[PDB]
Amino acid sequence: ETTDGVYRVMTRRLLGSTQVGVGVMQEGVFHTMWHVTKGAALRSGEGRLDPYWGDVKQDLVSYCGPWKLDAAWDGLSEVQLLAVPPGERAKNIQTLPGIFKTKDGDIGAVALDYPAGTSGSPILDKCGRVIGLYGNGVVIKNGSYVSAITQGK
């Protein structure tokens, strides 16, 4: 199954079937966050997906081809996290991103908290394009979570 769309990343080296993350299939390339697979090969039905490009510092990895997703947050508009939590249906959550200010520039961030196995869920703009992946972030004073909108090049 290479059909475009959002996919769960599952493993069974644990109790039952565990969802370790989420990813995006687009143009024959599977996109997810590095900490989800740590660069390991993946099975899709009868076929195998082998890693193609990865970068621990970006926390990204692609399978079967180079990174294809190149939309970016416009800065001004709200976005939607298409959260795919473990054992639960895909659900769109709309939000106005905050901002990670870094030495190298500014990155959109979303203040949404989901189980760890939601890592890799896509964030989308209003035209439906994937502007990044959810799951690499920080924990603020409150004790809850703000994820970067992590996009590749």
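Whichever C-alpha set is largest while still superposing within 1.5 Å between the two forms counts as the rigid core. From 1 onward, residues are counted along the sequence shown.
Fitting each structure in 4 other deposited structures of this protein onto the rigid core and averaging C-alpha distances over structures and residues, 136-144 emerges as the more displaced of 136-144 and 21-29. Note on 104-112 vs 51-59: mean CA B-factor is higher in 104-112. Annotation for 85-93 versus 42-50: the higher mean temperature factor (C-alpha) is found in 42-50. Among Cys127, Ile123, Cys64, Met33, the highest C-alpha B-factor in the deposited entry belongs to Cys127. When the modelled residues of the chain are ordered by C-alpha B-factor, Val138 sits in the middle third. Sorting the modelled residues of the chain by their CA temperature factor places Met25 in the lowest third.
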